[PDB]
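Visitor: This is final-v3.txt (compact mmCIF, C-alpha atoms and all ligand atoms).
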```
# COMPACT_ATOMS: atom_id res chain seq x y z
CA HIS A 4 101.48 125.06 117.07
CA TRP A 5 102.64 122.05 115.10
CA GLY A 6 102.54 121.79 111.32
CA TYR A 7 104.70 120.83 108.35
CA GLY A 8 106.96 123.95 108.00
CA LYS A 9 110.66 124.62 108.72
CA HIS A 10 109.84 126.03 112.11
CA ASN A 11 106.98 123.71 113.23
CA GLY A 12 107.35 120.54 111.18
CA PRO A 13 108.25 116.91 111.98
CA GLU A 14 111.74 117.66 113.33
CA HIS A 15 110.22 119.96 115.97
CA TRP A 16 107.27 117.76 117.10
CA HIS A 17 109.23 116.02 119.86
CA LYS A 18 109.33 119.19 121.93
CA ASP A 19 105.54 119.24 122.45
CA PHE A 20 105.10 115.50 121.92
CA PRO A 21 108.11 113.57 123.36
CA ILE A 22 106.64 110.26 122.17
CA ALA A 23 107.91 111.42 118.72
CA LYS A 24 111.17 109.64 119.63
CA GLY A 25 109.38 106.55 120.99
CA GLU A 26 109.77 102.86 120.32
CA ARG A 27 106.91 102.35 117.83
CA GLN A 28 106.65 105.48 115.68
CA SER A 29 105.18 105.70 112.21
CA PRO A 30 105.62 105.83 109.29
CA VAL A 31 108.51 103.49 108.43
CA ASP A 32 110.33 102.32 105.36
CA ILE A 33 109.09 98.89 104.30
CA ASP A 34 112.08 96.79 103.29
CA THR A 35 110.38 94.28 101.04
CA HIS A 36 113.19 91.71 101.23
CA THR A 37 113.29 91.86 105.10
CA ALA A 38 109.51 91.73 105.60
CA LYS A 39 108.53 88.24 106.73
CA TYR A 40 105.83 86.38 104.85
CA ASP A 41 103.51 85.16 107.60
CA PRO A 42 101.19 82.33 106.43
CA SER A 43 99.24 82.76 109.72
CA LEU A 44 98.00 86.22 108.58
CA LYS A 45 94.37 86.15 107.46
CA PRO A 46 92.76 87.99 104.57
CA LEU A 47 91.72 91.55 105.33
CA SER A 48 87.93 91.95 105.74
CA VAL A 49 86.85 95.42 104.59
CA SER A 50 83.07 95.79 105.06
CA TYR A 51 82.14 99.24 103.81
CA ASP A 52 78.74 98.38 102.21
CA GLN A 53 76.89 100.48 104.85
CA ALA A 54 79.40 103.31 105.30
CA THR A 55 77.75 106.67 106.07
CA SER A 56 79.97 109.57 105.24
CA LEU A 57 78.73 112.79 106.73
CA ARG A 58 81.12 115.63 106.18
CA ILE A 59 84.50 116.78 104.88
CA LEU A 60 86.72 119.06 106.89
CA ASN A 61 89.89 121.21 106.21
CA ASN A 62 91.60 121.01 109.61
CA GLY A 63 94.64 123.10 108.65
CA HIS A 64 96.88 120.03 108.13
CA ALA A 65 94.88 117.97 105.63
CA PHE A 66 91.20 117.27 104.89
CA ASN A 67 89.21 114.58 106.72
CA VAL A 68 86.21 112.68 105.20
CA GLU A 69 84.21 111.76 108.32
CA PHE A 70 81.85 108.92 108.94
CA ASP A 71 79.03 108.13 111.27
CA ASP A 72 80.74 105.74 113.64
CA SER A 73 77.74 105.48 116.04
CA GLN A 74 77.08 101.90 114.87
CA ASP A 75 78.93 99.00 113.15
CA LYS A 76 78.41 100.10 109.56
CA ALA A 77 81.89 100.39 108.07
CA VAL A 78 84.30 97.99 109.76
CA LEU A 79 87.70 96.45 109.31
CA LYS A 80 88.38 92.98 110.73
CA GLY A 81 90.55 89.97 110.03
CA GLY A 82 93.98 90.53 108.65
CA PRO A 83 96.30 90.83 111.69
CA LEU A 84 93.45 92.15 113.85
CA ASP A 85 91.54 90.65 116.78
CA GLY A 86 87.94 91.94 116.89
CA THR A 87 86.23 94.78 115.06
CA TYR A 88 87.38 98.24 114.13
CA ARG A 89 84.99 100.95 113.01
CA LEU A 90 85.79 103.54 110.34
CA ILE A 91 85.83 107.10 111.74
CA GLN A 92 87.60 109.14 109.01
CA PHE A 93 89.94 109.05 106.07
CA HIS A 94 92.47 111.58 104.90
CA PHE A 95 95.56 111.87 102.74
CA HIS A 96 99.13 113.02 102.82
CA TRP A 97 100.68 114.40 99.64
CA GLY A 98 103.59 116.26 98.12
CA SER A 99 104.41 119.45 96.29
CA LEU A 100 105.52 117.24 93.34
CA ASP A 101 104.74 113.67 92.35
CA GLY A 102 108.10 112.34 93.63
CA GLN A 103 107.17 112.77 97.28
CA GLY A 104 104.08 112.74 99.49
CA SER A 105 103.73 109.28 100.97
CA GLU A 106 104.60 108.60 104.60
CA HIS A 107 105.42 104.94 104.33
CA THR A 108 108.06 104.14 101.71
CA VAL A 109 108.71 100.83 99.96
CA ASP A 110 112.41 100.06 99.49
CA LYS A 111 112.90 103.85 99.96
CA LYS A 112 110.43 104.66 97.14
CA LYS A 113 108.12 107.56 97.87
CA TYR A 114 104.68 107.63 96.30
CA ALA A 115 102.86 110.82 95.29
CA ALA A 116 100.41 110.49 98.18
CA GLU A 117 99.04 108.12 100.80
CA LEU A 118 95.47 107.52 101.94
CA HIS A 119 94.80 106.60 105.58
CA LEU A 120 91.46 105.05 106.56
CA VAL A 121 91.34 105.28 110.35
CA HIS A 122 89.38 102.77 112.41
CA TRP A 123 88.95 102.33 116.18
CA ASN A 124 88.60 99.10 118.18
CA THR A 125 85.01 98.72 119.30
CA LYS A 127 86.11 97.04 122.52
CA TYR A 128 87.13 100.54 123.80
CA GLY A 129 83.77 102.17 123.07
CA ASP A 130 84.98 105.49 121.55
CA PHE A 131 87.91 106.83 119.55
CA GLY A 132 89.29 108.93 122.44
CA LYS A 133 89.53 105.86 124.67
CA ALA A 134 90.89 103.69 121.85
CA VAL A 135 93.87 105.93 121.17
CA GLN A 136 95.06 105.30 124.76
CA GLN A 137 95.49 101.56 124.04
CA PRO A 138 98.22 99.67 122.15
CA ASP A 139 95.60 97.90 120.00
CA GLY A 140 93.20 100.84 119.84
CA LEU A 141 93.39 101.78 116.13
CA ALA A 142 93.78 100.03 112.77
CA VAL A 143 94.88 102.32 109.97
CA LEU A 144 94.60 101.07 106.40
CA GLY A 145 97.26 102.79 104.30
CA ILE A 146 97.01 102.97 100.51
CA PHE A 147 99.61 104.45 98.20
CA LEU A 148 98.71 106.82 95.35
CA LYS A 149 100.66 107.01 92.11
CA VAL A 150 99.96 109.46 89.27
CA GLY A 151 98.62 108.00 86.06
CA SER A 152 95.01 107.22 85.18
CA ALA A 153 92.26 109.00 87.11
CA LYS A 154 90.55 107.27 90.02
CA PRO A 155 86.84 107.71 89.22
CA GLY A 156 85.84 107.08 92.84
CA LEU A 157 88.06 109.96 94.05
CA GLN A 158 86.49 112.62 91.83
CA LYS A 159 83.66 113.45 94.29
CA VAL A 160 86.28 114.28 96.91
CA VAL A 161 88.34 116.40 94.49
CA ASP A 162 85.33 118.40 93.37
CA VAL A 163 84.36 119.50 96.95
CA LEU A 164 87.83 120.83 97.82
CA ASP A 165 87.15 124.31 96.36
CA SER A 166 84.54 124.73 99.11
CA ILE A 167 86.99 123.94 101.98
CA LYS A 168 90.05 125.79 100.73
CA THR A 169 91.06 127.09 104.12
CA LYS A 170 91.48 125.81 107.62
CA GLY A 171 88.28 125.38 109.57
CA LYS A 172 86.02 125.11 106.54
CA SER A 173 83.72 122.07 106.33
CA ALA A 174 81.00 120.85 103.95
CA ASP A 175 78.23 118.24 103.89
CA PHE A 176 79.68 115.15 102.34
CA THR A 177 77.09 112.46 102.48
CA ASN A 178 76.77 109.24 100.53
CA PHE A 179 80.42 108.90 99.60
CA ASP A 180 81.47 105.28 99.10
CA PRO A 181 85.10 104.66 100.26
CA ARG A 182 85.10 101.34 98.39
CA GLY A 183 85.86 103.43 95.30
CA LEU A 184 89.30 104.28 96.81
CA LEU A 185 90.49 100.66 97.14
CA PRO A 186 92.89 98.82 94.81
CA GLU A 187 92.04 95.39 93.41
CA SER A 188 94.29 93.40 95.78
CA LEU A 189 94.13 93.43 99.57
CA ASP A 190 97.63 92.01 99.96
CA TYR A 191 99.32 93.93 102.79
CA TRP A 192 102.18 94.56 105.13
CA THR A 193 101.54 95.02 108.79
CA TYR A 194 103.48 96.29 111.84
CA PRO A 195 102.75 97.99 115.20
CA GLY A 196 103.09 101.76 115.10
CA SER A 197 101.61 105.15 115.82
CA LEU A 198 99.57 108.03 114.60
CA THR A 199 101.77 109.82 112.04
CA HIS A 200 100.87 113.32 113.25
CA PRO A 201 100.57 114.74 116.80
CA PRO A 202 99.68 113.43 119.28
CA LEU A 203 101.74 110.57 117.75
CA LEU A 204 100.11 108.02 120.09
CA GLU A 205 101.46 104.48 119.86
CA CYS A 206 98.04 102.88 119.37
CA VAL A 207 97.98 101.75 115.74
CA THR A 208 98.12 98.39 113.98
CA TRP A 209 99.24 99.51 110.52
CA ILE A 210 97.96 97.63 107.47
CA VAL A 211 99.64 98.99 104.32
CA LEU A 212 98.35 97.65 101.00
CA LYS A 213 100.93 96.53 98.47
CA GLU A 214 99.00 97.70 95.42
CA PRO A 215 98.82 101.47 94.90
CA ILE A 216 95.83 103.21 93.39
CA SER A 217 96.31 105.44 90.35
CA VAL A 218 95.02 109.02 90.43
CA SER A 219 95.36 111.60 87.68
CA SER A 220 97.75 114.53 87.73
CA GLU A 221 94.66 116.77 87.65
CA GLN A 222 93.25 115.08 90.77
CA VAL A 223 96.45 115.53 92.75
CA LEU A 224 96.88 119.09 91.54
CA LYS A 225 93.53 119.94 93.14
CA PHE A 226 94.83 118.61 96.51
CA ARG A 227 97.74 121.02 96.12
CA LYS A 228 95.41 124.04 95.74
CA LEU A 229 94.19 123.64 99.33
CA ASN A 230 95.54 125.98 101.99
CA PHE A 231 97.01 125.33 105.40
CA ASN A 232 96.04 128.91 106.44
CA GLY A 233 92.58 130.17 107.45
CA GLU A 234 90.33 132.43 105.29
CA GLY A 235 91.91 135.80 104.67
CA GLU A 236 95.33 134.78 106.05
CA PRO A 237 98.59 134.75 103.98
CA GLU A 238 98.35 131.93 101.46
CA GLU A 239 100.45 128.85 102.22
CA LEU A 240 99.64 125.98 99.87
CA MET A 241 98.76 122.69 101.60
CA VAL A 242 101.57 120.52 100.25
CA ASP A 243 104.18 118.23 101.81
CA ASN A 244 101.96 117.31 104.75
CA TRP A 245 103.83 114.02 105.31
CA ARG A 246 106.03 112.83 108.16
CA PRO A 247 109.20 111.06 106.94
CA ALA A 248 110.07 107.48 107.83
CA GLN A 249 111.03 106.87 111.44
CA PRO A 250 113.37 104.26 112.97
CA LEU A 251 112.02 100.72 112.91
CA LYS A 252 113.67 99.84 116.25
CA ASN A 253 112.55 96.55 117.70
CA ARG A 254 109.81 95.80 115.13
CA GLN A 255 109.01 93.24 112.51
CA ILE A 256 107.08 94.03 109.35
CA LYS A 257 105.00 91.03 108.22
CA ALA A 258 103.68 90.36 104.69
CA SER A 259 100.35 88.64 103.95
CA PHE A 260 101.77 87.52 100.57
CA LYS A 261 104.91 86.25 98.82
ZN ZN B 1 97.53 110.01 108.03
```
Could you spell out this file's structure in structure tokens?
Guide:
Amino acid sequence: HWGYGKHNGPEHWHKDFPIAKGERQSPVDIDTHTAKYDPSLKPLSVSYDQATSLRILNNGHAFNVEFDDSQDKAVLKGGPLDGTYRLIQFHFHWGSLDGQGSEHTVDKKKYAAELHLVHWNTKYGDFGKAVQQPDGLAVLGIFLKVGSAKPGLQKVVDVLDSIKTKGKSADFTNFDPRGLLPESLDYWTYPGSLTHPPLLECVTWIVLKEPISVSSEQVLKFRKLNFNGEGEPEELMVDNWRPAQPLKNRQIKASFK
């Protein structure tokens, strides 16, 4: 099955998922000088006041913090979007060392990690229908750099010991994803895809300019997770990022100058 290794990683995905070589794949390098400032782009509206986290899951690739998406409680709107997108989960991608881990790059710079908050367009009724549509998902991407600790991350870090291995989950209620946001909501945006299989070309990407800072200790706890299941040979969960893909016939727009 697919993964991040030599034998099943990004360079192999196209064999089971041909859309890997498609026209709107993600992530991409963001060339800051080429990105067009678009004064028509609206401020991002992030309304997470009523977010209901339920559970955290080690799915063998990363960990997902899941939300109750059975009502409009945690939604993304505005920005480049038309209509309302409901938060379903967030997860991260990270490296074996602090010099790699992000999926998007900025002028070829790699950050230590990247957070993806995944939302689906309510006009399609459910996530599985939304991913079949070119405007089905809005993913908010946030870079992580290593420096000061992120206090709002610590609850996530401290549950990871209980989901070390693939297929482990744990109750994870009352977590507030607002604590993972940077000060500014300035962004870049472009049409793309899921960054892991099935690689569906259904995402409006919204990548924030301002990274969050996490501590070295925080990131080191990410790197103690396992890709393998309980009892299986230990393979540390590191380098679970897809590299930048060709931009092809796409324009990256900036909300800011
Ligand atoms: Zn992701």
Visitor: Of the candidates A:107, A:94, A:159, A:112, which one gets nearest to ligand ZN 1 (chain B) if we count all atoms listed in the file?
Guide: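 The shortest atom-to-atom distance to ligand ZN 1 (chain B) comes from A:94.
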Visitor: Can you work out which residues are within 12 Å of ligand ZN 1 (chain B), considering only C-alpha atoms and all ligand atoms, and then hand them over as a ChimeraX atom specification?
Guide: /A:29-30,64-68,92-97,104-107,116-122,142-147,197-203,207,209,211,244-247
Visitor: Please produce a file of those selected residues containing C-alpha atoms, as a PDB file, in the frame of the given file.
Guide:
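New file again19.pdb:
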```
ATOM      1  CA  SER A  29     105.180 105.700 112.210  1.00  0.00           C
ATOM      2  CA  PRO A  30     105.620 105.830 109.290  1.00  0.00           C
ATOM      3  CA  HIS A  64      96.880 120.030 108.130  1.00  0.00           C
ATOM      4  CA  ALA A  65      94.880 117.970 105.630  1.00  0.00           C
ATOM      5  CA  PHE A  66      91.200 117.270 104.890  1.00  0.00           C
ATOM      6  CA  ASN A  67      89.210 114.580 106.720  1.00  0.00           C
ATOM      7  CA  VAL A  68      86.210 112.680 105.200  1.00  0.00           C
ATOM      8  CA  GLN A  92      87.600 109.140 109.010  1.00  0.00           C
ATOM      9  CA  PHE A  93      89.940 109.050 106.070  1.00  0.00           C
ATOM     10  CA  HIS A  94      92.470 111.580 104.900  1.00  0.00           C
ATOM     11  CA  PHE A  95      95.560 111.870 102.740  1.00  0.00           C
ATOM     12  CA  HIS A  96      99.130 113.020 102.820  1.00  0.00           C
ATOM     13  CA  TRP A  97     100.680 114.400  99.640  1.00  0.00           C
ATOM     14  CA  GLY A 104     104.080 112.740  99.490  1.00  0.00           C
ATOM     15  CA  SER A 105     103.730 109.280 100.970  1.00  0.00           C
ATOM     16  CA  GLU A 106     104.600 108.600 104.600  1.00  0.00           C
ATOM     17  CA  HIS A 107     105.420 104.940 104.330  1.00  0.00           C
ATOM     18  CA  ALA A 116     100.410 110.490  98.180  1.00  0.00           C
ATOM     19  CA  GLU A 117      99.040 108.120 100.800  1.00  0.00           C
ATOM     20  CA  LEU A 118      95.470 107.520 101.940  1.00  0.00           C
ATOM     21  CA  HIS A 119      94.800 106.600 105.580  1.00  0.00           C
ATOM     22  CA  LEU A 120      91.460 105.050 106.560  1.00  0.00           C
ATOM     23  CA  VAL A 121      91.340 105.280 110.350  1.00  0.00           C
ATOM     24  CA  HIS A 122      89.380 102.770 112.410  1.00  0.00           C
ATOM     25  CA  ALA A 142      93.780 100.030 112.770  1.00  0.00           C
ATOM     26  CA  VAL A 143      94.880 102.320 109.970  1.00  0.00           C
ATOM     27  CA  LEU A 144      94.600 101.070 106.400  1.00  0.00           C
ATOM     28  CA  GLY A 145      97.260 102.790 104.300  1.00  0.00           C
ATOM     29  CA  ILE A 146      97.010 102.970 100.510  1.00  0.00           C
ATOM     30  CA  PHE A 147      99.610 104.450  98.200  1.00  0.00           C
ATOM     31  CA  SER A 197     101.610 105.150 115.820  1.00  0.00           C
ATOM     32  CA  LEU A 198      99.570 108.030 114.600  1.00  0.00           C
ATOM     33  CA  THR A 199     101.770 109.820 112.040  1.00  0.00           C
ATOM     34  CA  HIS A 200     100.870 113.320 113.250  1.00  0.00           C
ATOM     35  CA  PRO A 201     100.570 114.740 116.800  1.00  0.00           C
ATOM     36  CA  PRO A 202      99.680 113.430 119.280  1.00  0.00           C
ATOM     37  CA  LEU A 203     101.740 110.570 117.750  1.00  0.00           C
ATOM     38  CA  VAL A 207      97.980 101.750 115.740  1.00  0.00           C
ATOM     39  CA  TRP A 209      99.240  99.510 110.520  1.00  0.00           C
ATOM     40  CA  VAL A 211      99.640  98.990 104.320  1.00  0.00           C
ATOM     41  CA  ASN A 244     101.960 117.310 104.750  1.00  0.00           C
ATOM     42  CA  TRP A 245     103.830 114.020 105.310  1.00  0.00           C
ATOM     43  CA  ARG A 246     106.030 112.830 108.160  1.00  0.00           C
ATOM     44  CA  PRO A 247     109.200 111.060 106.940  1.00  0.00           C
TER      45      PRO A 247
END
```
Visitor: Taking 4 positions as the minimum chain separation for residues in the same chain, which residues sit within 10 Å of residue 157 (chain A) when counting all atoms listed in the file? Answer as a list in words.
Guide: residues 153, 161, 162, 179, 180, 181, 183, 184, 218, 219 and 222 of chain A
Visitor: What gap, in Å, lies between CA of residue 156 (chain A) and CA of residue 185 (chain A)?
Guide: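 These two atoms are separated by 9.0 Å.
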Visitor: Mind checking which residues fall within 9 Å of residue 34 (chain A), counting all atoms listed in the file, ignoring those fewer than 2 positions away in the same chain, and posting them as a list in words?
Guide: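 Counting only the stated atoms, we get residues 32, 36, 37, 38, 108, 109, 110, 111 and 256 of chain A.
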Visitor: Quick one: pull the distance between CA of residue 113 (chain A) and CA of residue 101 (chain A), Å, one decimal.
Guide: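 Calculated distance between CA of residue 113 (chain A) and CA of residue 101 (chain A) is 8.9 Å.
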Visitor: Need to verify the contact set: residue 78 (chain A), 10 Å, all atoms listed in the file, exclusion of same-chain residues closer than 3 positions in sequence. Can you return it as a PyMOL selection string?
Guide: chain A and resi 48-54+72+74-75+87-91+122-125
Visitor: One number please: CA of residue 33 (chain A) to CA of residue 216 (chain A), in Å, one decimal.
Guide: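 Answer for the CA of residue 33 (chain A) to CA of residue 216 (chain A) separation: 17.7 Å.
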Visitor: Is it possible to add N, CA and C atoms to region 72-97 of chain A and hand it back as a JSON list (two decimals), in the frame of the given file?
Guide:
```
[["chain", "number", "residue", "atom", "x", "y", "z"],
["A", 72, "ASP", "N", 80.20, 106.90, 112.97],
["A", 72, "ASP", "CA", 80.74, 105.74, 113.64],
["A", 72, "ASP", "C", 79.92, 105.40, 114.90],
["A", 73, "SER", "N", 78.62, 105.72, 114.90],
["A", 73, "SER", "CA", 77.74, 105.48, 116.04],
["A", 73, "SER", "C", 77.13, 104.07, 116.00],
["A", 74, "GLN", "N", 77.40, 103.33, 114.93],
["A", 74, "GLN", "CA", 77.08, 101.90, 114.87],
["A", 74, "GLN", "C", 78.09, 101.18, 113.99],
["A", 75, "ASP", "N", 78.06, 99.82, 113.99],
["A", 75, "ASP", "CA", 78.93, 99.00, 113.15],
["A", 75, "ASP", "C", 78.36, 99.00, 111.74],
["A", 76, "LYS", "N", 78.84, 99.95, 110.95],
["A", 76, "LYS", "CA", 78.41, 100.10, 109.56],
["A", 76, "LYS", "C", 79.53, 99.98, 108.53],
["A", 77, "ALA", "N", 80.71, 100.39, 108.93],
["A", 77, "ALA", "CA", 81.89, 100.39, 108.07],
["A", 77, "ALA", "C", 83.04, 99.87, 108.92],
["A", 78, "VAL", "N", 83.34, 98.58, 108.84],
["A", 78, "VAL", "CA", 84.30, 97.99, 109.76],
["A", 78, "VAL", "C", 85.39, 97.23, 109.03],
["A", 79, "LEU", "N", 86.54, 97.21, 109.68],
["A", 79, "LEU", "CA", 87.70, 96.45, 109.31],
["A", 79, "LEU", "C", 87.89, 95.36, 110.36],
["A", 80, "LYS", "N", 88.12, 94.14, 109.87],
["A", 80, "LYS", "CA", 88.38, 92.98, 110.73],
["A", 80, "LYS", "C", 89.30, 92.04, 109.97],
["A", 81, "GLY", "N", 89.69, 90.97, 110.64],
["A", 81, "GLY", "CA", 90.55, 89.97, 110.03],
["A", 81, "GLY", "C", 91.93, 90.55, 109.82],
["A", 82, "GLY", "N", 92.62, 90.09, 108.80],
["A", 82, "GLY", "CA", 93.98, 90.53, 108.65],
["A", 82, "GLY", "C", 94.79, 90.12, 109.88],
["A", 83, "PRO", "N", 95.60, 91.06, 110.44],
["A", 83, "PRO", "CA", 96.30, 90.83, 111.69],
["A", 83, "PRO", "C", 95.48, 91.13, 112.94],
["A", 84, "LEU", "N", 94.23, 91.57, 112.78],
["A", 84, "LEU", "CA", 93.45, 92.15, 113.85],
["A", 84, "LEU", "C", 92.73, 91.07, 114.64],
["A", 85, "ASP", "N", 92.47, 91.36, 115.90],
["A", 85, "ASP", "CA", 91.54, 90.65, 116.78],
["A", 85, "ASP", "C", 90.35, 91.60, 116.92],
["A", 86, "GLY", "N", 89.13, 91.13, 116.73],
["A", 86, "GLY", "CA", 87.94, 91.94, 116.89],
["A", 86, "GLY", "C", 87.70, 92.91, 115.72],
["A", 87, "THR", "N", 86.95, 93.97, 116.03],
["A", 87, "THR", "CA", 86.23, 94.78, 115.06],
["A", 87, "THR", "C", 86.62, 96.23, 115.23],
["A", 88, "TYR", "N", 86.94, 96.87, 114.11],
["A", 88, "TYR", "CA", 87.38, 98.24, 114.13],
["A", 88, "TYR", "C", 86.50, 99.08, 113.20],
["A", 89, "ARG", "N", 85.98, 100.16, 113.73],
["A", 89, "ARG", "CA", 84.99, 100.95, 113.01],
["A", 89, "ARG", "C", 85.64, 102.15, 112.34],
["A", 90, "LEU", "N", 85.27, 102.42, 111.09],
["A", 90, "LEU", "CA", 85.79, 103.54, 110.34],
["A", 90, "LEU", "C", 85.27, 104.84, 110.93],
["A", 91, "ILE", "N", 86.18, 105.76, 111.24],
["A", 91, "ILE", "CA", 85.83, 107.10, 111.74],
["A", 91, "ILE", "C", 86.15, 108.20, 110.73],
["A", 92, "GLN", "N", 87.25, 108.10, 109.97],
["A", 92, "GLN", "CA", 87.60, 109.14, 109.01],
["A", 92, "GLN", "C", 88.64, 108.59, 108.07],
["A", 93, "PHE", "N", 88.75, 109.20, 106.89],
["A", 93, "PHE", "CA", 89.94, 109.05, 106.07],
["A", 93, "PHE", "C", 90.48, 110.41, 105.68],
["A", 94, "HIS", "N", 91.78, 110.42, 105.39],
["A", 94, "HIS", "CA", 92.47, 111.58, 104.90],
["A", 94, "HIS", "C", 93.68, 111.14, 104.12],
["A", 95, "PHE", "N", 94.38, 112.13, 103.54],
["A", 95, "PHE", "CA", 95.56, 111.87, 102.74],
["A", 95, "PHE", "C", 96.73, 112.70, 103.25],
["A", 96, "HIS", "N", 97.90, 112.28, 102.76],
["A", 96, "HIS", "CA", 99.13, 113.02, 102.82],
["A", 96, "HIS", "C", 99.69, 113.11, 101.40],
["A", 97, "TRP", "N", 100.22, 114.26, 101.00],
["A", 97, "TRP", "CA", 100.68, 114.40, 99.64],
["A", 97, "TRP", "C", 101.79, 115.43, 99.56]]
```
